[PDB]
């Protein structure tokens, strides 16, 4: 059909508000490998039938880049808000990302069936915090198909149709991908200009690598191959591509022979932020761990890893993740998809270290590599992030105190309503990736939410602490901490480790040292 009858949208909501539930009602309503680039047909009330494309988006800050790329592939977005919850951290962050991509935003208040639902409140938040017309808000219940058709109409009537020329040089944005054992590395794309069909020879603009398309199509919801994809469409492309790192998200696919003038803007290679050592546990061996990682990696273009060994732990891997959730996902899937037993060290951020006789600043991804000789260090910088927090006013005080305990600098504070506070803090990421999520959760009864974004590196007074077990240091336990927090971390780690190690005939003396100086000791008496 015509592009004027096409609608490209996505759903963006704080986790738990009903994104998945709603995608089903939408598909179910219209109807009669992960879910992505879903094509639907909808006969509107105006009589015309429209071709709708549901682009699934990540929900965690760890996948922020990927989220932006998915938004760049749509013309609009459904901003799903839980009527019993109201606006939360991810709600605001995602809203602005959508705003930045110039998307028509359709707010939908979900769970209006719940006894705790308060649509009037949420409407007030939408207008005051988001600056949207509460009137545009679509009340709904994805749990009870209430408001589905109303959504589909808003999408047809509110979201503009794609604007592109199928006669112009191909220009397709890669917003997602996965590895198909049979089709190879598969790219989920948005076609801006031109058309693409099996047999065509494409080219990846960031690499200049060329391939020959083997198949094109979309999920309906099953992976259906079409004979082509044209400007405005959303689907997938296969072309005998070795792996997902060849079709990086945010990249542009054009024709090898007649390439488009410029690629879609905003391309960025994956950037690991948090690292950790993963070591084989129980009976699992190194090989089984290595083999499992190689297999998992095939379906994950962001993860990086390299062989690492420690005195006590033996051989493992130093793995880099996009964040904490990404690490968790990898952990669970490694033990659940390949059933390997692993112990994971405390995570760490990448530090920039300038040492006296080395011209170039060194990037430290493994604490073990942080210079032991503190005298040789000219300076060290660490990544900082801007943290946004939304909480009921009753907990603002405890949260504020938690944030400053963790070296946070308050930059702003506002009320989203008479009982809801909004906060912004600049914090070292190293402080955020250690017990911040739970602390913030327990003190707010799980009511406070937060989000954050990298704002760059800043020099800080950090130092390396080493752990000694019976006068013998285990490098895998050394860590970097701010000089002012050292004593506390030392105590925490010492007291934590004692209860982390079982008894034995010999007394186990645990020591946390600072450059040869023990600043925390803990001992677990012999085996009874």
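Numbering follows the first chain given and starts at 1.
**Student:** In at least one third of the other PDB entries compared, is residue 16 left unmodelled?
**Tutor:** Affirmative; at least a third of those entries omit residue 16.
**Student:** Would you mind checking whether any residues of the deposited sequence sit unmodelled between residue 32 and residue 33, and how many (none, 1 to 3, 4 to 9, 10 or more)?
**Tutor:** Count of unmodelled residues in between: 10 or more.
**Student:** Give the stretch, out of 517-525 and 4-12, with the larger mean C-alpha temperature factor in the deposited entry.
**Tutor:** Of 4-12 and 517-525, the stretch with the higher C-alpha B-factor average is 517-525.
**Student:** Of the two stretches 135-143 and 99-107, which shows the higher Cα B-factor on average in the entry?
**Tutor:** Comparing averages over the C-alpha atoms only gives 135-143.
**Student:** Using only the C-alpha B-factors in the record, can you name which of 482, 69, 471, 53 has the highest?
**Tutor:** Out of 482, 69, 471, 53, the record gives the largest C-alpha B-factor to 471.
**Student:** Take the CA temperature factors straight from the PDB entry and tell me which of 118, 426, 233, 453 peaks.
**Tutor:** Comparing C-alpha B-factors across 118, 426, 233, 453, the top value belongs to 118.
**Student:** By its CA B factor, does residue 487 count among the lowest, middle or highest third of the modelled residues in the chain?
**Tutor:** Its C-alpha B-factor belongs to the middle third of this chain's values.
**Student:** Please place residue 406 in the lowest, middle or highest third of its chain according to the CA B-factor in the PDB entry.
**Tutor:** Middle third of the chain for residue 406's C-alpha B-factor.
**Student:** Where does the C-alpha B-factor of residue 382 rank in its chain, lowest, middle or highest third?
**Tutor:** Lowest third, going by the recorded CA B-factors of the chain.
**Student:** Name the third of the chain's ranked CA B-factors that contains residue 312, choosing lowest, middle or highest.
**Tutor:** Highest third - that is where residue 312 ends up once the chain's C-alpha B-factors are sorted.
**Student:** Sorting by Cα B-factor within the chain, modelled residues only, which third would residue 57 end up in: lowest, middle or highest?
**Tutor:** For residue 57, whose C-alpha B-factor we compare with every modelled residue in the chain, the answer is the middle third.
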